[PDB]
Amino acid sequence: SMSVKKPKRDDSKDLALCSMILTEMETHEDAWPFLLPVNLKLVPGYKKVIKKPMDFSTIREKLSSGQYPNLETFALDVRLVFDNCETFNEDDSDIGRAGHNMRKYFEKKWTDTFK
């Protein structure tokens with residue numbers, strides 16, 4: 001509350017560490033469904049169904065340009081990518097399985113880096 005603060009958690013490396021995580025996600029062999037925005041002209045149903053499209057390149061641009069206020073808003077967009085994928089793709093599909101694999105990969109890096 002006013003003039004009563006919990007001790008200051010060092011957030012000075014968060015930008016660099018989120019960038020490293022995002023590099024690792026970018027270079028994963030199952031990243032290919034997520035590297036670029038889904039083409040809303042060429043994929044029937046995507047525009048209407050997926051209210052907030054997100055992809056690694058869009059996260060990378062937001063990260064590079066100071067559009068994440070803190071590391072939690074960064075994790076929200078990464079998870080959005082996987083939540084979108086699960087909304088649109090069957091679990092038993094290459095892209096569906098890619099999404100599960102990447103989300104697992106991300107959540108471990110997240111925990112190991114920050115928890």
# chains A, B, ... in the order shown; residues from 1 in each chain; ligands from 1

$ residues_around --residues "residue 46 (chain A)" --least-positions-apart "4" --cutoff "12 Å" --atoms "only C-alpha atoms" --output "list in words"
residues 37, 38, 39, 40, 41, 42, 50, 51, 52, 53, 54, 84, 85, 87, 88 and 89 of chain A

$ write_last_selection --atoms "C-alpha atoms" --output "compact mmCIF listing (two decimals), in the first residue's frame"
# COMPACT_ATOMS: atom_id res chain seq x y z
CA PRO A 37 1.19 -14.56 -38.80
CA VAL A 38 -1.48 -16.91 -40.19
CA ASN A 39 -2.49 -15.57 -43.64
CA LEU A 40 -6.04 -14.30 -42.99
CA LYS A 41 -6.76 -14.11 -46.75
CA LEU A 42 -5.75 -17.70 -47.40
CA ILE A 50 -9.41 -16.31 -33.71
CA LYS A 51 -10.10 -13.01 -32.14
CA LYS A 52 -6.47 -12.20 -31.26
CA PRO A 53 -3.92 -13.76 -33.70
CA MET A 54 -0.40 -13.99 -32.38
CA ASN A 84 -4.99 -20.10 -30.68
CA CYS A 85 -3.38 -23.20 -32.15
CA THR A 87 -8.66 -23.54 -30.82
CA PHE A 88 -8.13 -24.10 -34.56
CA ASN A 89 -6.22 -27.38 -34.95

$ residues_around --residues "residue 114 (chain A)" --least-positions-apart "5" --cutoff "12 Å" --atoms "only C-alpha atoms" --output "VMD selection string"
chain A and resid 9 to 11 13 to 14 17 to 18 21 71 to 72 75 106 to 109

$ closest_residue --among "A:112, A:56, A:66, A:34" --to "residue 99 (chain A)" --atoms "only C-alpha atoms"
A:34

$ atom_distance --atom1 "CA of residue 93 (chain A)" --atom2 "CA of residue 76 (chain A)"
24.2 Å

$ select_by_dssp --residues "chain A" --states "helix (DSSP H, G or I)" --output "ChimeraX atom specification"
/A:14-27,46-49,56-64,71-88,94-114
